[PDB]
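This text opens with one protein chain seen in two forms, each one given by itself as structure tokens under the names structure 1 and structure 2.
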Structure 1
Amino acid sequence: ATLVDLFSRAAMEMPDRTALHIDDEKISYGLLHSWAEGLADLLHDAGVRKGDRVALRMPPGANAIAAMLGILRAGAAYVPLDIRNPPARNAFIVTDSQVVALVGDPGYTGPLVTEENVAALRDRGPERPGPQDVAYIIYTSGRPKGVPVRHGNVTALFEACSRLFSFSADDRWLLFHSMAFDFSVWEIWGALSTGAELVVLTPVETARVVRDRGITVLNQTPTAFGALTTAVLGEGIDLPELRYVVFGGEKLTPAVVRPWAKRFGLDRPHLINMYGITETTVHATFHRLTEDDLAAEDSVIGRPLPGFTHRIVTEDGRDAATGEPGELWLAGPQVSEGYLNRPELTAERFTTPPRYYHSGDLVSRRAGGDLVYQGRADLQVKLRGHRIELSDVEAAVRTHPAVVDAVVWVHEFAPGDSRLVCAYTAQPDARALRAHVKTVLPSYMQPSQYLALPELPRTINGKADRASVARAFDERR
């Protein structure tokens, strides 16, 4: 019912198994459970009561996971502040989430449990959260908003994934993502609710430990996976232990999957695409990739998870016919109650008797029931009497061999001067690229300007940060 209940079961029944594995160092379920229960006692002393929220700012590692379990155990919601947060953003989130304490290192004036404080309780009750209680509050961005996910939302996710995956205490999960990215929730509680192991951390170097630590459940975004596949193919690394690669973050194209699939096939490991949004607890669909998916260029996300009811809605509120694009609507136990302190948005994104969340994503239902991601509604744009699929522009640029990644957008140069711009990453001058794109796109879809970048700035979820790339562009033009 709760996540502290999930960790309870696993710690009680398998206390000798390795919970955390950091380098050559190991922490057992029983000791983690003991450490975390001590932390909760600490927090409660500091006045942390049930239903409060606590900021967590720590480098990934044992103290961070212990801190996090501590916070949950005290009955509180944890608010992760990513180390990559500039000071203004941290201050905003802490103020906006109304946190009553912080755990970690401040870069604030409230109650401070340091890291040192956390580290001490290792070698060393309060009331327990319920399913309606908030587990975490994660921020998506641009004005950043908080999504508060409840214990019932998260345990609903793992009950939903129950018979889709075959997980056991024998697995080894890698913790690869920031605790401010909710993909990390799935990583942490994938292992911790099954008795499994959680390995806590160059692509080459990352690839080395995936074999060396015998990772069986790997979670990646498409950008990270391409860099991983290049290192793996390059060194000749083999990963006999790997059972599942699971894909979150940006839309997955067959193109990033094909080289891997050439080397390893699709039988072992299983390649699984999961469409997800923060507002519906990490994951919302499941598709196991097949040779079919590599024959075409469609981004199949498969079928929504078992607890979900859904609709594909037209612009004027109807159910979309088959092959007809539409906005995906999602109802169910994984759907959050709404935003934090965004009563307006919550009003329009969540509507009620299923209560639906409006993804703002376009999808089509194939025959047989499979969903196919078409794109974001917000990225369908009107320019000079034309309607432009920014996503389609991004793909055409991407089809250049020397181009890794690309983001295109409408940029306001002057009050009457709005034009398409593209930023891209190489693995190639704009001239050669310009020449190629004239071949692929009609003139009204061709970017007016090209910006070569070392790497695209991305959100915490790893989706391309449009507001930042625009600002980067304005500054060097």
Structure 2
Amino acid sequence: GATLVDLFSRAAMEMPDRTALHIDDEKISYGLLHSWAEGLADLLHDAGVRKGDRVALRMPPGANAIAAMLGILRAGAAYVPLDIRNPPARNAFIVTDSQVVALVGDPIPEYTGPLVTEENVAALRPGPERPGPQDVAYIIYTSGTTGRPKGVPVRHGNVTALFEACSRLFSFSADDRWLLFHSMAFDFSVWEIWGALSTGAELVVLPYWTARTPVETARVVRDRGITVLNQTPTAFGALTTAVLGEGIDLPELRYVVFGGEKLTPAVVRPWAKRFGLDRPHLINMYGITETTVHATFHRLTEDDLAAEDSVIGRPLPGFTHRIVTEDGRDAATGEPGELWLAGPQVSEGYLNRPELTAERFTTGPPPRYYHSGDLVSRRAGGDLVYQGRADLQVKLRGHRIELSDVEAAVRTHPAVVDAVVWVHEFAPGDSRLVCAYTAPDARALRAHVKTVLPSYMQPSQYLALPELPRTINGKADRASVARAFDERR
């Protein structure tokens, strides 16, 4: 149907006996989740929540968080998720920037808006007016690199267009088990949640436990019988180490879907020798929050493991696209350019960032294009290959540097897991190439990199970290690495 509410309604009306949520040994049926959610919506209505309103959600992953989010959607409102490892100042900003009429869960400088507590939500375990396709389902905040975190509001019709685009490339059924691996404040959780709840499938909630190892994660994945696993490449590399080390088998896995980072063939090779490429399928998906979770699809093949190219494949069925030169021109085959995207999954622009919206969402004088700020090429055969972020193609003292190439060159060192390379302003006068990396001292690393890279591309300073700092989506927080570096210097 038109909305996420419709999707849940259909599946719940039609498969009420099936398990919607699985939290350790706890199982909630679609039927009972549906009941709980209708009740929560009525409760939200009573507290003065209206269609088009925005409600904060702040809860650990579990039954209550999910039921609250359905209740919020059923009430015609958008949920604005706050991840609880988010620093208090970040919530405080989002709470005010998004102007929520209420918060669900427990809390922040001002509490003066109304609360629905977790205990309140647990208690409820024709209705308010239903939302339309053009109503906002969620508002997820992305990283603003200097300037503030920015909010992206995604509509019901945006999300429902996502699952329609994917209907024929994936083979999903009510029998699947989806893992909720990701933060509810990361849009990859939307795919995970609604992947399950739109089809009658089961959603396995990874309960919140920070001392859980990859090894434990692997063990749950086998034991809870997961068929659809979503991972960032960073997460999957560590998962693979654990699966291979303990020798875990995963015969029930049907799909592993990658998103959110550049997926290198090297990351995938160890997996592929153990399980092959036929089961599960490996699917790389390029995506951005501004165009609703995923924008492309590429099933991995043996060929992708021969070269070192990052194939992201073709735009999802809903999309039209451009590959654009610095000049505004359409790029030739094999030529790198900026990817632009148009279609029903593209968001309506940022929240309260009117000038940024103006720049990155454009209409000719024609489709409405979102400028991804990502560099890609169309290879012969029509597949997209991902090159890198225009952000990270920088210039320094007369040379152009692919920061991402330096990074990979540092990663080429066998004892190095991860690297972040950037231009650091030591002073206005002194701008130099810097690297942070995780496990080899700087001396050995520096000596190795002098092999791989031209001299202008060699990091001027190396900082060894126990781990790289992480935003809640599990990516390396670049602004956090630069600040840690600066303070250690």
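If you superpose the two forms and keep the largest set of C-alpha atoms that fall within 1.5 Å, you have the rigid core. Residues that one form lacks are left out of the comparison. Numbers given to residues start at 1 and step along the sequence of structure 1.
Participant: Do you think the form solved in complex with adenosine-5'-triphosphate (ATP) is shown as structure 1, or as structure 2?
Facilitator: The chain shown second - structure 2 - is the form that fits the description.
Participant: Choose, among 460, 20, 11, 469, the residue with a C-alpha displacement of 2 Å or more between structure 1 and structure 2 when the rigid core is used for superposition.
Facilitator: With the rigid core superposed, the residue that stands out is 460.
Participant: Taking the rigid core as the frame, how far in Å does the Cα of residue 79 move between structure 1 and structure 2?
Facilitator: Between its two positions, the C-alpha of residue 79 lies 0.2 Å apart after core fitting.
Participant: Where the core is superposed, what shift in Å does the CA of residue 368 undergo between structure 1 and structure 2?
Facilitator: Comparing the two forms, residue 368 shifts 1.2 Å at C-alpha.
Participant: Once the rigid core is overlaid, which residue runs, three or more long, move by 2 Å or more at each CA between structure 1 and structure 2?
Facilitator: 458 to 464 is the only stretch that shifts between structure 1 and structure 2.
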